[PDB]
Amino acid sequence: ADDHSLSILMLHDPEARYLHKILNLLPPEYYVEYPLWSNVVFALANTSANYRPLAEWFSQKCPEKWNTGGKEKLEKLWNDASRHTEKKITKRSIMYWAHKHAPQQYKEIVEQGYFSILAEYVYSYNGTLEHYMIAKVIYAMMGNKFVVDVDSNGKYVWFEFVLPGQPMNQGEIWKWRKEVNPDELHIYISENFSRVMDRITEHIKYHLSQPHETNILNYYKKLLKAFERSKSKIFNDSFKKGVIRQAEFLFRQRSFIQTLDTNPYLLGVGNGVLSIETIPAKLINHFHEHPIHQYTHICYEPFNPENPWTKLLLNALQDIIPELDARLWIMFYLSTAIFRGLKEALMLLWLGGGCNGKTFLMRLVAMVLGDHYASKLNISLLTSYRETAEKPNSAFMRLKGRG
Amino acid sequence: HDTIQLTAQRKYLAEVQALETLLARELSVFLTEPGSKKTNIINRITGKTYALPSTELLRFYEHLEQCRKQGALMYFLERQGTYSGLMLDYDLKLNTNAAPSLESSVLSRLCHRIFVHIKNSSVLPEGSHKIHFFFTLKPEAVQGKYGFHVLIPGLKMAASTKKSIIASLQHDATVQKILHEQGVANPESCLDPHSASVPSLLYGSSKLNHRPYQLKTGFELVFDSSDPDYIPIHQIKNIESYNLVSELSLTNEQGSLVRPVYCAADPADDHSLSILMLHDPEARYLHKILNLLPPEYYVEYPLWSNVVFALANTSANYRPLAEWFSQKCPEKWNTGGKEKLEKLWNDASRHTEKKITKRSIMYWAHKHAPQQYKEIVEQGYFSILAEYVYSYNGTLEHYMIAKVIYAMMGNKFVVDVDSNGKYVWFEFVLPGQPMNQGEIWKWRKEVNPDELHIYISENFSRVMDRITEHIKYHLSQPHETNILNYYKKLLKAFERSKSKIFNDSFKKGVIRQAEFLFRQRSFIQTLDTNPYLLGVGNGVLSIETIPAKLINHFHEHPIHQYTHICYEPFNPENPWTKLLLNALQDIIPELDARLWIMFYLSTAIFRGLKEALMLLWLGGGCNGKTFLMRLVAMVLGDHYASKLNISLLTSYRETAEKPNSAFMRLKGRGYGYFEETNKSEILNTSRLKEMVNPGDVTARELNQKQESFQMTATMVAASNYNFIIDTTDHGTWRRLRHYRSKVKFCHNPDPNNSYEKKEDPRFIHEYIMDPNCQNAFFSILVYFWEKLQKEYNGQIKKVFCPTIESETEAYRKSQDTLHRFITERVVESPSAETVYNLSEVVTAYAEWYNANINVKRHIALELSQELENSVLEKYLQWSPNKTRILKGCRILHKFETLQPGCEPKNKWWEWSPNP
Amino acid sequence: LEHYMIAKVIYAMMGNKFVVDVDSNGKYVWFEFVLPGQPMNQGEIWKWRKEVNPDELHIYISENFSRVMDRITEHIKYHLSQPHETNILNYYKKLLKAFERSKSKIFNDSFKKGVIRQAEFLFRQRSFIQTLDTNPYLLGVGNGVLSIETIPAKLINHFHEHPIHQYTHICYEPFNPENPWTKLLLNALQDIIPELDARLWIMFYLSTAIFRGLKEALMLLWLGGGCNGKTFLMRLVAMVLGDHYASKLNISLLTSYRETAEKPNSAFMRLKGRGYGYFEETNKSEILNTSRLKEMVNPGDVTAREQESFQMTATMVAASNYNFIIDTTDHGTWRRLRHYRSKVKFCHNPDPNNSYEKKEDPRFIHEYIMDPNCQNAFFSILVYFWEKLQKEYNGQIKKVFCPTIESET
DNA sequence: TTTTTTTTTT
Ligand SMILES: Nc1ncnc2c1ncn2[C@@H]1O[C@H](COP(=O)(O)OP(=O)(O)NP(=O)(O)O)[C@@H](O)[C@H]1O
Ligand SMILES: Nc1ncnc2c1ncn2[C@@H]1O[C@H](COP(=O)(O)OP(=O)(O)NP(=O)(O)O)[C@@H](O)[C@H]1O
Ligand SMILES: Nc1ncnc2c1ncn2[C@@H]1O[C@H](COP(=O)(O)OP(=O)(O)NP(=O)(O)O)[C@@H](O)[C@H]1O
Ligand SMILES: [Mg+2]
């Protein structure tokens, strides 16, 4: 049975079966090249601890590499997956890669999965659908696009990953935006989920047309009547509200809010997210699993001295600060505003007679960092005595999360 | 399993309901308590005992026969008194599975020999009489074992004669051979010796979880005084039409055909456990569960004591279960176990330190035997849902589902009312489930029990499916048309009510009703009260004993707060441990000062009362002040440690009403520190003595009312300037300690200065965020706490440290003028006693202050009260006139010249274990 | 069946165990009398507990009323099986069908909520809250209720109808002079006060802390001569009386000048309905204010709040190391003050040559004041002293003869 | 809703 452990996992975990169907769609480079294979192994390990048979089967797609140290490679990669706390990818990346490399096969496979789940639920309860059933199907449909977690107020808060094309505010692409009410989920329950019910109706009508025993035909007719009665409830406001309220328990992800925007080396920009972990800095215009919510409206571009605006800004900086060493130190100090982590205990005091460009540069830095990362501070916060004992102080609260 | 059959029959059989109504309403006039002599009929299904006269006995027989006519199952035993009919019970063991037919010829031969025995062993009434015989046979042979009964209602005998006949029959070779030739392989022991006096089963009744016997045929024996030799036996016919309940009753007096032959005449402890089982389903479930435990739990004293304590804590009346469990080993029980059980039960009624309940027993049973535990508990779930399904015709409601859910997961969720008056759910986080980092093996707070929401729709649906399968199976069984119609209606109603568990409002109602069942009084009150238990990232750490133990298994300690730091045993060879020890060596040069500081900071682990000391740090900057204190706060976490605002210690408090959440940040904190102060800072002495003392303080929290809590935090303060303490109170100064920095970290240190060191940014930028260094420092703190406990009995006041005491004395002397006077002029000279009055000493102080410090107009009473505020209380006795007099000291009054009268070698953390 | 019928039957079944009344906020509040053998907090037995939601009533609706429902069903089935005319049989069949339709509603959350909401009118008892804990001769304890209205004091361990809600966790026991904790406390108390007449006067004054009504209101100026370690006995009195009956007060209340016409004062809201109040640990040698004494020492309703007014019932003790300054000649103030100076200290490293310095023992403060046995022994001592005062001097502390107190005052 | 905030006090 050790050789059949993959099938043992298949019979017990529907998600493992769905992944196995999905993994066959990946092009050959994802098991031939070491980086892609390692990424797939890491994603499988992070998704579930018992998904090792799937990784072993996938690594056997190239037996020559598997025999030449692949087994030990798989073993130490599996160990590092528990060891490595930085390689945070899951089944979402695998699904995205499969969808990118084969849209039609991925679409038909996942639609077959949806239909199987809904058909099982319909048959089990004679077509009387309820909130939890549609909640389960909707979680199957979008388990990797919405995440809900309990905030500090004890209120469930919905988050959505923004993809290109969908309506959005400017600059919130490739990030987890916060939804007061899951609008897209409400639209999806009535628009897209209704077509699966059409497939169920087609299946029932096809079985009715099929010649069967009179008892079987009567049972199918009663099932069709019940399903038609229960079909229109997905357009009801109260029913959808109950469905989404029940779906909050399935979309729940523990410690999602705790890890949101905690990495100081990742900076959200207008055209994606900017990673300054290693030089040169890289812009992420593609799918990623970094939990980043806050952002600035500025679109990042590589530094170019020949840009007319760059020339104008450099000339202005030269005009404002004559001395070269002073100019370099000021630019170095202001550049640390990009990083949101612990840094040197320094403060800069700038004195001037007036009308000498002080507020221009200081405010330009805050304008380019945006409100989520930069803020003006009240002078009374620095030259006045502290409030007595305990009183609320929103001026001091502005200091949280800002660089 | 008989419970399901009993409930079903009481539902769909109207005759069973009529019989029960008779037994509870009309025959209720003849109730008898157990053990009464009047008892003649017993219903052991309910355990009740009865005494019915002849007419009421006939009525009862009629109603059972009507119930027997419909194939109902019951268990009624007639109490055979001193004089009743003879009974013979045989349990047959066979060579093969072939059933011995017990042919009427063989039965006739056996009856002939039995009559020979009874006639030769007892006297018979004169004349001619007829004796009726009947034979009930077992339905099947199991593993070659069989049985049959020979009941003789007509032969009214005494117990002694019946027992003698049974013994003779057992020892008779003729009857043994007769049985052997039919197929009985154990004729010598088939007949039960106690058959004379055991209660007789009324026909149609069957033993608990046993199938009823089948009546094969009846025989009648005719004997005459004038013809005592020939023994004719006639087979009884028309046996299907008689009221067999009456005709097979041994004690019956008014039988239709049975006529009495007036021939010769001559413990509650076991019932208590059955009574407890019947009156409490949980006791029955525990009795089923306790059998799964391995023999160690009743042989070894610790495990047996733990089981006894858990049973006693679960319920006060669960003693019979403990007594039965202890009887698993007769040798150990007989050799003093009774007295041990008495003492342990008394202690459980007394003690309150071993807090274990049925949760631990369930966990042990699941660990040792998972499949059997699962089967038993799932059978319990199905049984519990069965009564609710049957009694209300499938219309399930919120309260029914809440009861089943509590029975299913009662040992994992607890709900209690907080201060706000709102019900708050708690869950015990077992491994292998989604959970935040470090909250494993602890009670976590949930706004909404989403796990219960998932559980209702995912696991309870399986019990629903089992109920549906049971209903379908009963439908497929051949039954009366009325029974089939009733089951069809029940199935329709249940199917209508089956999908309610997926509805949002229904689940909300079920959980709202379940809050009443899961409620546990005083759970929040006892939460996190124990100071010797500290929650950690990989379990819970127990510092109750030396060495400390890490609990990675099931426990019932009510612990909620925790720190994310994972505990590991102290190891000096760990690179992070070496790095931290070298950093400590660098931060504090003096060995005794370093030891005292580490011992003081080790007390931050303990969240109880302590020696009421506060540490004051002095340093110019860049000397590790923030690093060490913040490292302690980081390793202790937010729940146990917090930075404090300095205004909370240097200002007049807000009105009690005014919440003051900053003050509420001191609740439950083992450590608190203020990292920032002003150049010119006067600490408020009233605040200081209010916060360092072991005692109660009160303040309000946001969305809560007035509340008082003990003050149990280790207080540390750091600044660039000396604090100002405007008092000479000896009680205030004994609470304070002061230390001044020596080593300074800088980018370019002077090699000629041992107090200048090269700084390393990593200490505060990286070596305070790596979890490895955090947990190494936590291990160091635990080791130092253990060292303090084992060397100074936990009293920080007895730690020898010349540097700290000298610097504190200097700090006090720099502000306390009268302390300067006493230290420099008032010498404790036993050779210069020179008893002084308090006014003389006050004059001396005035002269000294005017001449040496500053000219000032003094007040005698104030000065006297202030030298009552000093160390002079050691000598200030009472004069015969009750005036304060100084004794045993010499005063240097005015300008008087004064008159007479270790380095660590290799491991500084293991320095001097011998002092 | 509808909500009001089940509410009526539930009142008939449990009308003598639950009482509901409207509080000052306009909300109906349920109260339950706690009998032995039911889940409860430690010490709430034989008293009324405040219930935000009647959990026990909710359980009782679905757990015990179902038996009455079953009796009704049995009656209906018995009549149905009885030989009757076809019309009566049809009527009983219809009645049984309707009852079975209505039988399962008692397990519904909304139905039970409506039943309890309708029951709030039947269980209503006017002016029940206003009479709670008004009797000063009844004191709620951990093992029942203590009554001091008669000599000797009597403990109640059976059913009673006194409206008592508040209590102290101290369990009452008869004063046994040979008990180890009683002996230890008696020896320490003898050590604290050397003078016998002063000791008896102090204990008789302190025993009045149990009684929660009006009394002579004489302030005691206990000057802790020698820095005795005053916290022990004074905090022990408040510990045995508990927070519901004893209050900690700040010395700033007596030294600060009278407030402005609108400024809120934090002390009087925590002072109401108490039997004991204490001031401790002076170090600034604060000057006391005469209007602040008049604000409380004279019997009558106090007016400053945070406006609200009420009567004064707390037994007051002022503990000082360094003498207060009373800047008045008013005989009306001096006649209400009493002064005593101690002569003994218990501290670390005392001189063996004098009895007035004794070896300290930190375990006293660290465990013994937290030890329940010490607390209940001290409570028994207080009860005995109150009984002795009542039976000897009729409870008036004015007429207690004590030369030491008079001379030192 | 209901509380906290604000108001009010320092
Ligand atoms: N590089 C530059 N060349 C020319 N004009 C400039 C330049 N930078 C800023 N200015 C202008 O100089 C003026 C002063 O700028 P501003 O930053 O507002 O002054 P400031 O130094 O902060 N003075 P003040 O706040 O009044 O004490 C504005 O009109 C700017 O547009
Ligand atoms: N053991 C050490 N070895 C080397 N460098 C250290 C060590 N401990 C601390 N540091 C350095 O000390 C510097 C300042 O320490 P820090 O504790 O933040 O200053 P501080 O003494 O609190 N001064 P201040 O902030 O003014 O209160 C850090 O940036 C580290 O580089
Ligand atoms: N009767 C006694 N016998 C022996 N030791 C005692 C006695 N009474 C008190 N002590 C000890 O004397 C010390 C005084 O404790 P405490 O009552 O807190 O003093 P204090 O000066 O009133 N304190 P505080 O108001 O907090 O500054 C403690 O160590 C007590 O344990
Ligand atoms: Mg610092």
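Residues numbered from 1 in each chain as written, not as in the entry; some residues may be left out. Chains lettered and ligands numbered in written order. Part of a larger assembly, values for the part shown. Heavy atoms only, no water. Residues with missing side-chain atoms left out of burial classes, pairs and counts.

Some thoughts on the overall build of chain B
Okay, step 1: Broken down by element type, chain B carries 32 helices and 31 strands.
Okay, step 2: Here the C-alpha radius of gyration of chain B, 44 Å, is well above what a compact globule of 915 residues would show, namely 29 Å.
Okay, step 3: Here the C-alpha coordinates of chain B stretch approximately 145 × 65 × 55 Å along the principal axes. (Helix = DSSP H or I, 4+ residues; strand = E, 2+ residues; numbered from the N terminus. Rg over C-alpha atoms; globule rule 2.2 N^0.38 Å.)

What to know about the overall build of chain C
Okay, step 1: If you tally the helices and strands in chain C, you get 14 helices and 15 strands.
Okay, step 2: By the compact-globule yardstick of 22 Å for 409 residues, chain C is too spread out, its C-alpha radius of gyration being 29 Å.
Okay, step 3: Dimensions of chain C, computed from C-alpha atoms along their principal axes, come out at roughly 105 × 55 × 40 Å.

Concerning the sheet that holds strand 24 (residues 736-740) of chain B
All names here are of chain B.
Okay, step 1: The parallel open sheet is built from 5 strands, whose spatial order is 19-20-23-18-24. Where the open sheet ends on each side, the last strands, each with one partner, are strand 19 (641-643) and strand 24. Mean inter-strand twist for the sheet, computed between neighbouring axes without regard to direction, equals 15°.
Okay, step 2: Here 3 bridges tie strand 19 to strand 20 (residues 671-674), and the two strands are oriented parallel to one another. Across the sheet, residue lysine 643 finds its bridge partner in strand 20, namely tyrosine 673.
Okay, step 3: Seen against the sheet, helix 23 (residues 625-640) touches strand 18 (614-618), strand 19, strand 20 and strand 23 (714-719) and runs at an angle of roughly 140° to strand 20.
Okay, step 4: The sheet strands contacting helix 29 (residues 802-813) are strand 18 and strand 24, and the helix crosses strand 24 at an angle near 100°. (Pairing = 2+ DSSP bridges. Axes fitted to C-alpha atoms, helices over the stretch in contact; angles between N-to-C directions. Contact = heavy atoms within 4.5 Å.)

Things to note about the interface of chain B and chain A
Okay, step 1: If you look at the interface, chain B gives 32 residues, while chain A gives 27 residues.
Okay, step 2: Those elements that provide at least two residues to the side of chain B that touches chain A are strand 14 (443-446), helix 17 (450-458), helix 19 (481-498), helix 20 (504-517), helix 24 (661-664) and helix 27 (762-765) of chain B.
Okay, step 3: Tallied by class, the residues present in the side of chain B that touches chain A amount to 9 nonpolar, 13 polar and 10 charged. (Nonpolar A, V, L, I, M, F, W, Y, C, P; charged D, E, K, R; others polar.)

Here we look at the packing of aromatic side chains
Where two aromatic rings form a pair, the distance of their centres and the angle of their planes describe that pair.
Okay, step 1: Their ring planes at 20° and their centres at 5.8 Å tell us that B:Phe606 and B:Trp785 sit as a pair that is stacked. Here B:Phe606 is found in the loop between helix 22 (591-602) and strand 18, whereas its partner B:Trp785 is found in helix 28 (residues 771-792), with 179 residues between them in sequence.
Okay, step 2: Members of the aromatic cluster, joined through ring pairs, are A:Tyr96, A:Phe159, A:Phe161, A:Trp174, A:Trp176, A:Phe256 and A:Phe287.
Okay, step 3: Above the plane of the ring of B:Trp878 lies B:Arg884, whose end atom (NZ or CZ) is 4.1 Å from the centre. (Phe/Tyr/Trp six-rings, centres within 6.5 Å; stacked < 30°, edge-to-face > 60°. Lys NZ or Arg CZ within 6 Å of the ring centre and 35° of its normal.)

Some points on the pairing of strand 2 (residues 156-161) of chain A
Residues and elements named next belong to chain A.
Okay, step 1: By the bridge criterion, 5 bridges tie strand 1 (residues 146-150) to strand 2 in an arrangement that is antiparallel. When the sheet's bridge partners are listed, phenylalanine 146 is paired in strand 2 with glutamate 160.
Okay, step 2: Bridge count for strand 2 against strand 3 (residues 176-179) is 4 bridges, and the pairing is antiparallel. Bridging across to strand 3, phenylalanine 159 finds its partner in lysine 178.

What about the interface of chain B and chain C?
Okay, step 1: Taken together, the contact between chain B and chain C spans 40 residues of the former and 42 residues of the latter.
Okay, step 2: Broken down by secondary-structure element, the contributors of at least two residues to the side of chain B that touches chain C are helix 16 (398-409), helix 20, helix 25 (685-692) and helix 32 (860-867) of chain B.
Okay, step 3: Among the residues making up the side of chain B that touches chain C, the classes are represented as 10 nonpolar, 14 polar and 16 charged.

A few points about the UniProt feature "binding site: dCTP" (unreviewed entry) in chain B
Residue and element names in this part refer to chain B.
Okay, step 1: If you check UniProt for "binding site: dCTP" (unreviewed entry), the listed places come out as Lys207 and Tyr213 in our numbering.
Okay, step 2: Within the secondary structure, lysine 207 sits in the loop between strand 8 (200-201) and strand 9 (214-224).
Okay, step 3: Assignment of secondary structure puts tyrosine 213 in the loop between strand 8 and strand 9. (UniProt positions renumbered as here; feature names shortened; annotations may be inferred.)

What about the arrangement of the chains?
Okay, step 1: Ranking the 2 pairs of chains in contact by contact count places chains B and C at the top.
Okay, step 2: If you take every C-alpha in chain A and every C-alpha in chain C, the smallest gap between them is 16 Å, and the two do not touch.

Concerning the sheet that holds strand 1 (residues 18-22) of chain C
All names here are of chain C.
Okay, step 1: The sheet built from 3 strands is open, its strands ordered 1-2-3 with antiparallel pairing. Single-partner strands in this sheet number two, and they are strand 1 and strand 3 (48-51). Ignoring strand direction, the axes of neighbouring strands in this sheet form an average angle of 30°.
Okay, step 2: Where strand 1 lies against strand 2 (residues 28-33), 5 bridges are found, and the strand directions are antiparallel. Bridge pairing links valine 19 to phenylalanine 31 in strand 2.
Okay, step 3: Along the sheet face, helix 5 (residues 109-122) touches strand 1 and strand 2 and points at about 80° away from the line of strand 2.

Looking at the UniProt feature "binding site: Mn(2+)" (unreviewed entry) in chain B
All names here are of chain B.
Okay, step 1: Listed under "binding site: Mn(2+)" (unreviewed entry) in the UniProt record, and renumbered for this structure, are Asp89, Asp91 and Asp192. Taken together, the annotated residues stretch across 104 residues yet fold into one region, lying no more than 7.5 Å apart by C-alpha.
Okay, step 2: Of note, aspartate 91 is situated in strand 5 (residues 83-93).

Some details on the packing of helix 15 (residues 370-391) of chain B against helix 18 (residues 460-476) of chain B
Residue and element names in this part refer to chain B.
Okay, step 1: Look at helix 15 against helix 18: their axes get within 10 Å of each other, and the N-to-C directions meet at 65°. Crossing of helix 15 over helix 18 shows right-handed handedness. Here helix 15 contributes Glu378, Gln379, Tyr381, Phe382, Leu385, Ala386, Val389 and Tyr390 to the contact with helix 18, which in turn contributes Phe460, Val463, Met464, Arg466, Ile467, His470 and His474.
Okay, step 2: Class assignment of the residues belonging to the contact of helix 15 with helix 18 gives a composition of 10 nonpolar, 3 polar and 2 charged. (Left-handed = near helix turned anticlockwise from the far one by under 90°.)

A few points about the side chain of B:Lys787
All names here are of chain B.
Okay, step 1: Assignment of secondary structure puts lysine 787 in helix 28.
Okay, step 2: A polar atom in the side chain of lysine 787 sits 2.9 Å from the backbone oxygen of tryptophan 909.
Okay, step 3: A polar contact is formed between the side chain of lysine 787 and the backbone oxygen of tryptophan 911, at a distance of 3.3 Å.
Okay, step 4: Once you skip the residues sitting within four places of it in the chain, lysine 787 turns out to touch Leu595, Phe599, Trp909, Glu910 and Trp911. (Polar contact = N/O pair within 3.5 Å; in protein donor to acceptor, adjacent residues only side chain to side chain.)

With respect to the packing of helix 5 (residues 52-59) of chain A against helix 6 (residues 63-83) of chain A
Residues and elements named next belong to chain A.
Okay, step 1: Interaxial distance between helix 5 and helix 6 falls to 11 Å at its minimum, and their mutual angle equals 155°. Here helix 5 is positioned roughly antiparallel relative to helix 6, judged by the angle of their axes. Between helix 5 and helix 6 the crossing geometry is right-handed. Of helix 6, the residues touching helix 5 (which contributes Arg52, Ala55, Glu56 and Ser59) are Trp66, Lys71, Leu74, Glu75 and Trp78.
Okay, step 2: Tallied by class, the residues present in the contact of helix 5 with helix 6 amount to 4 nonpolar, 1 polar and 4 charged. (Parallel < 35°, antiparallel > 145°, perpendicular 65-115°, else oblique.)

Here's the deal with unusual backbone geometry
Okay, step 1: Cis peptide bonds are those with omega within 30 degrees of zero, and the linkage from A:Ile279 to A:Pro280 qualifies with 0°.
Okay, step 2: Here A:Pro280 is to be found in the loop between strand 5 (272-275) and strand 6 (282-284).
Okay, step 3: For A:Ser255, which is not a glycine, the phi torsion comes out positive at approximately 65°.
Okay, step 4: Tracing the backbone shows A:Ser255 in the loop between helix 13 (237-250) and strand 4 (266-269).
Okay, step 5: Residues other than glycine seldom take positive phi values, yet B:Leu102 does so here, at roughly 55°.
Okay, step 6: Summarising the element assignment, B:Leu102 is placed in the loop between strand 5 and helix 4 (104-121).

Considerations on the pattern of salt bridges
Okay, step 1: Residues B:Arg444 and B:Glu427 are paired through a salt bridge, measuring 2.8 Å at the closest nitrogen-oxygen approach. Taken together, the residues span a long stretch of sequence, with B:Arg444 in strand 14 and B:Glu427 in strand 13 (residues 423-428) at a distance of 17 residues.
Okay, step 2: In the salt-bridge network here, residues are joined through shared partners; they are A:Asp149, A:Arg252, A:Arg254, B:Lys412, B:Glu427, B:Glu439, B:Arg444, B:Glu446 and B:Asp450. (Salt bridge = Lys/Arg side-chain N within 4 Å of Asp/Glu carboxyl O.)

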